[PDB]
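Report on the structure given below.
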Amino acid sequence: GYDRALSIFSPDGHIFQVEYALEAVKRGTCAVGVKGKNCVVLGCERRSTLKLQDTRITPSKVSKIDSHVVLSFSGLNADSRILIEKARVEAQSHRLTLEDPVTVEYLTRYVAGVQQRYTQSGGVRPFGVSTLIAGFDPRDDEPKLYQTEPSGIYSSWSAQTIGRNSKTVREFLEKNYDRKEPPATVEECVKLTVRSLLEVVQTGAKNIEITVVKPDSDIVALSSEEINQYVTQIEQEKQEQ
Amino acid sequence: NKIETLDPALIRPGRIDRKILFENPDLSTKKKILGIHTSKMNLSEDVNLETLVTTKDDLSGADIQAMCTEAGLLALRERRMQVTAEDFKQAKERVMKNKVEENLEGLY
Amino acid sequence: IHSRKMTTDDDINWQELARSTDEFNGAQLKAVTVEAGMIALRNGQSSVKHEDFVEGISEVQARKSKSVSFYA
Amino acid sequence: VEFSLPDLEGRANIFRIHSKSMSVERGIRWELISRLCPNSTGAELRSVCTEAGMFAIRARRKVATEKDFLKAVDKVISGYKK
Amino acid sequence: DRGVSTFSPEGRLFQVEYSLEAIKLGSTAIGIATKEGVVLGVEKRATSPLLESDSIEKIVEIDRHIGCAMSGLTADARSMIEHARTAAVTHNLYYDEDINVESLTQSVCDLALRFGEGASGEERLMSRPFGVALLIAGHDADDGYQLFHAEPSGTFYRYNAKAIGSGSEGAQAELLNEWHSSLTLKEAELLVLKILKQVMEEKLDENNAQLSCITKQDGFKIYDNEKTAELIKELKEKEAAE
Amino acid sequence: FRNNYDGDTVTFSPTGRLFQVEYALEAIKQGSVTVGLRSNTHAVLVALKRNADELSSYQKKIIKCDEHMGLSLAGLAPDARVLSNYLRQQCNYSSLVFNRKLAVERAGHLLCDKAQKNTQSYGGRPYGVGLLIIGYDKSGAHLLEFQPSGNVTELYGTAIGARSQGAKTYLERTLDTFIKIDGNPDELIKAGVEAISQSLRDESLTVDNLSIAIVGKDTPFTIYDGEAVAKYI
Amino acid sequence: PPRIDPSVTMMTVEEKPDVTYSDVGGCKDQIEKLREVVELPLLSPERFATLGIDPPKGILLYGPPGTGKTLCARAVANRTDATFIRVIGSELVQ
Amino acid sequence: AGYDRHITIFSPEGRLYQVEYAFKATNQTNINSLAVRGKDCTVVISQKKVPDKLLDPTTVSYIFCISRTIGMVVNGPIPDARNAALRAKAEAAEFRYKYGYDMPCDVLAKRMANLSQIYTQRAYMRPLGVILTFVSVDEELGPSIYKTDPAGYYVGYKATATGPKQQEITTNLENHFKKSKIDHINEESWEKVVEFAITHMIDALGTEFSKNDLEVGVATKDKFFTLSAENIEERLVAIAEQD
Amino acid sequence: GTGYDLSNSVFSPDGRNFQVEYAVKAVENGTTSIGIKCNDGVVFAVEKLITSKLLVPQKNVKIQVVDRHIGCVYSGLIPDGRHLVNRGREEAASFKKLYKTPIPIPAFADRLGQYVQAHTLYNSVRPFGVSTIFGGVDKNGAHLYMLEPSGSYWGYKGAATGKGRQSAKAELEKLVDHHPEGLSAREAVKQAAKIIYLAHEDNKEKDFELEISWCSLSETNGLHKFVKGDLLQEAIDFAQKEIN
């Protein structure tokens, strides 16, 4: 029985553990994402310093909770992995009793609800990772992308990016994307994802992972050569002037 | 460099409202610092200022001056008055690795 | 003693003003005479009424100060 | 006499006095301007009026409109870093 | 450093005084309780233009005749809503009756004391109380429409017009001369929307502004972006002249 | 010294007193004021209700834990319900197993047991609130003044909160008056009005600012509100 | 003494300042405290001789500088038409 | 910072400061007691201080009774003494519950050794400010003395001592045993052993005491008791004759 | 390195707990209490601080009781002294549960002693800052013990603690030489009232109330009773004449 409290109230009215937990997200691996009318795309990166990574033994940064539901995170890897297992166990329980596949709205409030407990319970450290929950709903083609935060507050975002140099890359997603006219083509959502990752990490042929989510329980994982094709088309057309 | 040690009465708020931070130099500013040192420094026709600034740690004015300084020592040890393009690339990696590399890799 | 320097009608009752306060030293009781003496000047009165001393005591000082909130 | 930081009601009349000298749009509200800035020393409020007639020039406005005070107050808040 | 059980020399707690600061740094929930109903409204305060107003909801529904809002930090609000609906929905099981709004407020305030270092008035512990301010409304068959305020300290009062969050000093200052005894549903919806536009930083729209109404026969209702925009244009036409 | 000796309520002081125990008394003085009186039969609790705005209501300061027994709180409002809920459980336990009304003397013994445990073990804190408890049994009326430090004393009548010494002035000189009044609930209420009137430095008590509760042998515990107290104003 | 330096004009002497409400508006508590000990004796001092007491020998003003602490003395001196003499501590140190 | 003298942790010098301060609390009462062994029996004598005239000499005892055989001698405050007294009487009873015969002498010293370690090893328990001394007659080795310190250590002793003056009492006991080349004292009757311990006690101290200023424990074979006020007075009169 | 008084388990360099020494100071700030140990019984006496005339006599009594055969009195904080008696009363029924016999004085002495010594070991709990004085009559006789906040108690022919214990201990020692054999229960009440008035010199700022209770064999037959009737009236007038 470890009873020692952690979360307190700062003189300004905030929590010290919550403030420093969000700093680990901005200092972690940056991950972008977008969603169109019929599709949603979640991009990632890989450290270019020392790369021995083999494609088979490298764990994917975007976890798959359900056939039509995907889960990505930018932040602490190990603290997120515990919630990834609990999300898949809850997906089994939600499909068991209720006989319904887990949705994005239910998974968001669950992860935000679990993270909320560790913040309000003395003796456990709150998580320092902010997960990005995406995917579709049963018999629904509308993409649901909800931003889960370590504090427990969640919202919906069409284009959201958290990680290093986040304030700079978010300015590109506002000009290159509109709320009233989202791209209806699954290929256009991939091009908008690459354009956001070219301003952070140079090169990045095999260092970028892009996951495409399709309706009717279909997920197409782009290989290393398939992602490089979209990189060449954008870089050659960016240099026209 | 630090305004915390200055006299707050000497600041006289409302007379001076302008506090300008420091911004990192772009590709254009870095070529200006190189043009001063590489002017007298011997360089072949394969030495271009755009290649050196392409891959860089975004060094300040002190490390950029030290980059061309280390490149001159490679020619002195080999007893040659003409510095090739390999010395600028070799000296660029040494100064880049003396500032930030892995940032003590971590954060799970 | 502080009421001797103040010019009044000599209606001050020492029993009523003593129980109206809580633990005031010799320096704090002197400030009550100064505050209550200037209250009558706001209404244009030269002398100081005995109820003006209560107004200085009923004024909020040294205990709750200007903070009234939370429990009540 | 003890001095304290002025609240939303305390700063409501402060910005209205300083705006009387300058010529701005009278259809604005100074109670919202004082709400954007938290509790701060009154000496720092004078620097806000000096920044009101500046950003308005960038917008090609000889007078300070309602949107001019939005970017002017948000500029001095991040400068204090408190 | 400093424990949660340390009392201030004025008879208060340090952690409780700092918990109220997070309320004034959040959003503003404005509501007014009238005889014909209760009108509630909030501002979502979207920083980035890419934020959608569909996911964020500051006004939930505990019961058909009972509803509440939230302001300040919205993280700790989702926990109390689960416990508030627990003593509410199950009240139809135990007593088979609509739970009193005042009785529901007492259950919310009793769950804000769960903090502390774990002396036992209760079994399981809690790190810190909820830093959210809950404005609780509702209607019953006895006293009529009731509007309370759930504070993290546990004190609660019945307010006819209550604006929590950052609009505590700004909105309540105008409620003195703009509120009186006899009120209608049309005057209540326009007075809340007019104050909501004045307390908001940017221009008010149908997204960040979401209103609500409390009715006896129909119950708790939510106006969408289309119905909210109807009151926006109607307010500008009536306020254009004088 | 000062904050150096406080890690908790457990740590002592060179003066033989606990600072954290004394801090609970400050919450009673700056809160609401409550006045009560009794002689041989009935009891009249005069309590005041404050608020944070003129458009708000007045929170009830009188908790009813029994038909023949009641109390009044001056202090923290939500923290007083914790002690009353335990009192309500003891009344139901005494009316079920023992099938006997809980006496006022034995009620105060169970109330002080909660605050003493929080001032003993580490991590606990006492919840400062004033308690004036009344009631009637086969002996007579009993008014026990309860303190958050565990102190309890039976008195004819007393007052706590702001201007507590002002209301005790009337009860001291009239102590030989109201004790001879038995079976007259009207004069017992009028005596409490004159005691609280001298302690008011703010304004007069309206219909919603005056809460009067009375309990007795033939008359049960009733909470007067609205125009019920207008006859004594 | 060889102490005479004709620098004594370094201070700022403003007779009957025209500034009434600048930083003073919005703060009620600071106004009422300076009305009894300044405005009244500078207007009708004869009532204080009958009152029996004397004004305080000093007024302690503590708080953040430049917030209107100095302008508060100029506001109360407007109705009484009093000469405002300010001694700056920065120029006072020599 | 100062956590070395607050809670028990490994110090840069390798010493536990919190436990060492408990030894200095043993000398607060200033009680010097020695334990000697006869042939078939063992006799222990402890000092008794009565500062207040209102004290009851029958209630005040520095030597308790664990059972009909094994005794206990404690030097220090009574609250820390009863902590080890309740466990010693319980563990002696728990032995015959799971076994059924009498606990030996060295067993009780080991049972109380691990318990005194719990105070030293665990930070939330403070070490006792008393020293345990157990004397009895073993069914095999005969007379034996086991003195359990608050440190949790126990070893066989010929004749031990405690208190601030233990250095002077030990010196007297060393010169006596080296001449006889035996650990204990050889005597038939147990009454003469009481006079033997008093002789070495007076020469080490240098002062005399009354019947109420001393407490003489006597552990015989398969029997244990404590001399009353009239029995201790008889020992002081009997030793007055001859030597 | 200071901070030895911030915990109960931390020992001072001299080997004396500071929290134990601070508990004695709390006794000197409370109402004093005395006691008399007779042959066939024991006598307890304690005064009360009178704030005003609102206090109703013979209602709130600081003298506790254990079953019918044992009385108890404490000097110190109110909640600390009353909670310790509740632990002894609940455990007294457990003794009659298993052993069927009424609990004697020596069995009740170690009953309260194990709790006080337990709070000094655990730093997370606060020890009792009150001095408990209990006594009664058992099969072997009548005994009077005085418990201390440090958990130290022994036999006492008289018990004096609190603020006025300095002048109270002098009178208890004189009664031993004046009556080496024993003392009657009726005379002990009159003698205990004079000791209370002797310590009243520091209490002269307010009024006083005397509460005396005793339990004996040949009179109460092992029953805790309070002094009332003409026995209390004659005891007050006897001590007031000797004190002045």
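Residues are referred to by chain and number: the chain letter is A, B, ... according to the order shown in the structure tokens, the number counts from 1 in that chain, and ligands are numbered separately from 1 in the order shown.
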At a cut-off of 8 Å, which residues of chain E touch chain D? Count only C-alpha atoms and give the answer as a short mmCIF file (atom, residue, chain, number, x, y, z; two decimals) with N, CA, C and O atoms, in the first residue's frame.
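The new file iface-v1.cif reads:
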```
data_model
loop_
_atom_site.label_atom_id
_atom_site.label_comp_id
_atom_site.auth_asym_id
_atom_site.auth_seq_id
_atom_site.Cartn_x
_atom_site.Cartn_y
_atom_site.Cartn_z
N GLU E 169 -16.26 38.02 -12.10
CA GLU E 169 -16.36 39.45 -11.84
C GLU E 169 -16.99 40.21 -13.01
O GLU E 169 -17.72 41.18 -12.78
N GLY E 170 -16.72 39.79 -14.24
CA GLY E 170 -17.18 40.56 -15.39
C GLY E 170 -18.67 40.41 -15.64
O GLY E 170 -19.38 41.40 -15.85
N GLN E 198 -20.18 39.29 -24.93
CA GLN E 198 -19.32 40.31 -24.33
C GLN E 198 -18.15 39.70 -23.56
O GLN E 198 -17.07 40.31 -23.51
N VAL E 199 -18.33 38.52 -22.97
CA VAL E 199 -17.26 37.88 -22.22
C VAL E 199 -16.30 37.11 -23.10
O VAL E 199 -15.21 36.74 -22.64
N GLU E 201 -13.56 36.50 -26.11
CA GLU E 201 -12.47 37.28 -26.67
C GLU E 201 -12.70 37.55 -28.15
O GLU E 201 -12.90 38.70 -28.55
#
```
* To do: Specify as a ChimeraX atom specification all residues of chain C found within 7 Å of chain F, counting only C-alpha atoms.
  => /C:19-20,58,71-72
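Taking only C-alpha atoms, the non-local environment of residue E:3 within 12 Å (same-chain residues fewer than 6 positions away omitted) comprises residues 4, 5, 6, 7, 8 and 9 of chain A; 13, 14, 15, 16, 115, 116, 117, 118, 127 and 128 of chain E; 6, 7, 8, 9, 122, 123, 124 and 125 of chain F.
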I'd like the neighbourhood of residue C:18 as a CSV table (one decimal) with N, CA, C and O atoms, in the first residue's frame, where a residue qualifies if any of its atoms comes within 12 Å (using only C-alpha atoms), though same-chain residues fewer than 6 positions away should be ignored.
```csv
chain,number,residue,atom,x,y,z
C,12,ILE,N,-19.0,58.8,26.2
C,12,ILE,CA,-18.4,57.5,26.0
C,12,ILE,C,-18.5,56.6,27.2
C,12,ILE,O,-18.2,57.0,28.3
C,24,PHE,N,-7.1,44.1,21.7
C,24,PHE,CA,-6.3,45.3,21.1
C,24,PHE,C,-5.4,45.9,22.1
C,24,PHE,O,-5.8,46.2,23.2
C,25,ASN,N,-4.1,46.0,21.7
C,25,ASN,CA,-3.1,46.6,22.6
C,25,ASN,C,-3.2,48.1,22.7
C,25,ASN,O,-4.2,48.7,22.2
C,29,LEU,N,-5.6,50.5,20.2
C,29,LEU,CA,-6.7,51.3,20.7
C,29,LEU,C,-6.5,52.8,20.4
C,29,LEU,O,-7.5,53.5,20.3
C,32,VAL,N,-8.0,53.5,16.9
C,32,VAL,CA,-9.4,53.5,16.9
C,32,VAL,C,-9.9,54.9,17.1
C,32,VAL,O,-10.9,55.4,16.5
C,53,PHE,N,-17.5,55.7,17.5
C,53,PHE,CA,-16.5,54.8,18.0
C,53,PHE,C,-16.8,53.3,17.7
C,53,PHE,O,-16.0,52.5,17.4
C,54,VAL,N,-18.1,53.0,17.8
C,54,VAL,CA,-18.6,51.7,17.4
C,54,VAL,C,-18.4,51.5,15.9
C,54,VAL,O,-18.1,50.4,15.4
C,57,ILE,N,-15.1,50.4,15.4
C,57,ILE,CA,-14.9,49.0,15.9
C,57,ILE,C,-15.6,48.1,14.9
C,57,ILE,O,-15.0,47.0,14.6
F,165,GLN,N,-18.9,37.7,22.1
F,165,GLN,CA,-19.0,38.3,23.4
F,165,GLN,C,-20.2,39.2,23.5
F,165,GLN,O,-20.6,39.5,24.6
F,166,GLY,N,-20.7,39.7,22.3
F,166,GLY,CA,-21.8,40.6,22.4
F,166,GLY,C,-23.1,39.9,22.8
F,166,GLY,O,-23.9,40.4,23.5
```
Could you make a table, as JSON lines, of the residues of chain G that have an atom within 9 Å of an atom of chain C, each with its nearest atom pair and distance in Å to one decimal, counting only C-alpha atoms, in chain and number order?
```
{"residue": "G:36", "atom": "CA", "partner": "C:38", "partner_atom": "CA", "distance": 6.6}
{"residue": "G:37", "atom": "CA", "partner": "C:38", "partner_atom": "CA", "distance": 8.6}
{"residue": "G:40", "atom": "CA", "partner": "C:41", "partner_atom": "CA", "distance": 8.5}
{"residue": "G:47", "atom": "CA", "partner": "C:46", "partner_atom": "CA", "distance": 6.2}
{"residue": "G:48", "atom": "CA", "partner": "C:46", "partner_atom": "CA", "distance": 8.0}
{"residue": "G:50", "atom": "CA", "partner": "C:46", "partner_atom": "CA", "distance": 6.7}
{"residue": "G:51", "atom": "CA", "partner": "C:7", "partner_atom": "CA", "distance": 5.5}
{"residue": "G:52", "atom": "CA", "partner": "C:6", "partner_atom": "CA", "distance": 4.8}
{"residue": "G:53", "atom": "CA", "partner": "C:6", "partner_atom": "CA", "distance": 5.9}
{"residue": "G:55", "atom": "CA", "partner": "C:34", "partner_atom": "CA", "distance": 8.9}
```
Using C-alpha atoms, can you write the selected residues to a file as a compact mmCIF listing (two decimals), in the first residue's frame?
```txt
# COMPACT_ATOMS: atom_id res chain seq x y z
CA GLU G 36 -9.37 62.50 5.58
CA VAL G 37 -5.68 63.19 6.29
CA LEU G 40 -9.77 67.87 4.85
CA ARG G 47 -12.17 71.97 12.41
CA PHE G 48 -9.17 69.88 13.50
CA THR G 50 -11.74 71.94 17.58
CA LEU G 51 -11.57 68.17 16.98
CA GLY G 52 -8.73 68.04 19.53
CA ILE G 53 -6.29 65.75 17.70
CA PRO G 55 -2.93 64.84 11.66
```
* Please provide as a count of residues only all residues within 12 Å of residue I:120, with the sequence filter that same-chain residues fewer than 4 positions apart are discarded (counting only C-alpha atoms). => 36
* To do: Just need the residues of chain B within 8 Å of chain D, counting only C-alpha atoms, so spit them out as a PyMOL selection string.
  => chain B and resi 13-14+17
Residues just named, written with N, CA, C and O atoms as a PDB file, in the first residue's frame:
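Produced file part16.pdb, reproduced below:
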```pdb
ATOM      1  N   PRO B  13      10.578  51.581 -17.473  1.00  0.00           N
ATOM      2  CA  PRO B  13       9.595  50.987 -18.388  1.00  0.00           C
ATOM      3  C   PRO B  13       8.697  52.039 -19.022  1.00  0.00           C
ATOM      4  O   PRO B  13       8.285  53.007 -18.379  1.00  0.00           O
ATOM      5  N   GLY B  14       8.398  51.832 -20.302  1.00  0.00           N
ATOM      6  CA  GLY B  14       7.605  52.744 -21.092  1.00  0.00           C
ATOM      7  C   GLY B  14       8.411  53.665 -21.984  1.00  0.00           C
ATOM      8  O   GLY B  14       7.882  54.141 -22.996  1.00  0.00           O
ATOM      9  N   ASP B  17      10.367  50.154 -25.062  1.00  0.00           N
ATOM     10  CA  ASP B  17       9.427  49.045 -25.161  1.00  0.00           C
ATOM     11  C   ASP B  17       9.935  47.899 -26.026  1.00  0.00           C
ATOM     12  O   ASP B  17       9.237  46.890 -26.162  1.00  0.00           O
TER      13      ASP B  17
END
```
* Residues within 10 Å of residue I:205, only C-alpha atoms, excluding chain neighbours under 6 positions, as a list in words -> residues 49, 50 and 51 of chain I
* **Contact residues around residue D:52 with only C-alpha atoms at 9 Å, ignoring same-chain residues under 4 positions, as a PyMOL selection string** => chain D and resi 47-48+56+64+68-69+71-73
* To do: Please report, as a list in words, each residue of stretch 100-144 of chain H to which DSSP assigns helix (DSSP H, G or I) when run on this structure's backbone.
  =>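 Everything in stretch 100-144 of chain H that counts as helix (DSSP H, G or I) is residues 105, 106, 107, 108, 109, 110, 111, 112, 113, 114, 115, 116, 117, 118, 119, 120 and 121 of chain H.
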For the contact check between chain F and chain I, emit one row per residue of chain F within 8 Å, containing the shortest atom pair and the distance in Å rounded to one decimal, counting only C-alpha atoms, chain then rising number order, as JSON lines.
```
{"residue": "F:5", "atom": "CA", "partner": "I:6", "partner_atom": "CA", "distance": 7.2}
{"residue": "F:7", "atom": "CA", "partner": "I:6", "partner_atom": "CA", "distance": 7.3}
{"residue": "F:10", "atom": "CA", "partner": "I:126", "partner_atom": "CA", "distance": 5.3}
{"residue": "F:11", "atom": "CA", "partner": "I:6", "partner_atom": "CA", "distance": 5.9}
{"residue": "F:12", "atom": "CA", "partner": "I:19", "partner_atom": "CA", "distance": 6.3}
{"residue": "F:13", "atom": "CA", "partner": "I:22", "partner_atom": "CA", "distance": 6.5}
{"residue": "F:14", "atom": "CA", "partner": "I:22", "partner_atom": "CA", "distance": 5.9}
{"residue": "F:15", "atom": "CA", "partner": "I:25", "partner_atom": "CA", "distance": 6.6}
{"residue": "F:16", "atom": "CA", "partner": "I:26", "partner_atom": "CA", "distance": 4.2}
{"residue": "F:17", "atom": "CA", "partner": "I:26", "partner_atom": "CA", "distance": 6.5}
{"residue": "F:112", "atom": "CA", "partner": "I:79", "partner_atom": "CA", "distance": 7.1}
{"residue": "F:113", "atom": "CA", "partner": "I:83", "partner_atom": "CA", "distance": 7.3}
{"residue": "F:116", "atom": "CA", "partner": "I:79", "partner_atom": "CA", "distance": 6.0}
{"residue": "F:119", "atom": "CA", "partner": "I:126", "partner_atom": "CA", "distance": 7.7}
{"residue": "F:120", "atom": "CA", "partner": "I:126", "partner_atom": "CA", "distance": 4.6}
{"residue": "F:121", "atom": "CA", "partner": "I:125", "partner_atom": "CA", "distance": 4.1}
{"residue": "F:122", "atom": "CA", "partner": "I:124", "partner_atom": "CA", "distance": 4.7}
{"residue": "F:149", "atom": "CA", "partner": "I:79", "partner_atom": "CA", "distance": 7.6}
{"residue": "F:150", "atom": "CA", "partner": "I:79", "partner_atom": "CA", "distance": 5.3}
{"residue": "F:151", "atom": "CA", "partner": "I:78", "partner_atom": "CA", "distance": 6.2}
{"residue": "F:153", "atom": "CA", "partner": "I:60", "partner_atom": "CA", "distance": 6.2}
{"residue": "F:154", "atom": "CA", "partner": "I:60", "partner_atom": "CA", "distance": 6.5}
{"residue": "F:155", "atom": "CA", "partner": "I:55", "partner_atom": "CA", "distance": 5.2}
{"residue": "F:156", "atom": "CA", "partner": "I:54", "partner_atom": "CA", "distance": 5.9}
{"residue": "F:157", "atom": "CA", "partner": "I:54", "partner_atom": "CA", "distance": 7.0}
{"residue": "F:158", "atom": "CA", "partner": "I:54", "partner_atom": "CA", "distance": 7.9}
{"residue": "F:172", "atom": "CA", "partner": "I:54", "partner_atom": "CA", "distance": 7.3}
{"residue": "F:175", "atom": "CA", "partner": "I:54", "partner_atom": "CA", "distance": 7.5}
```
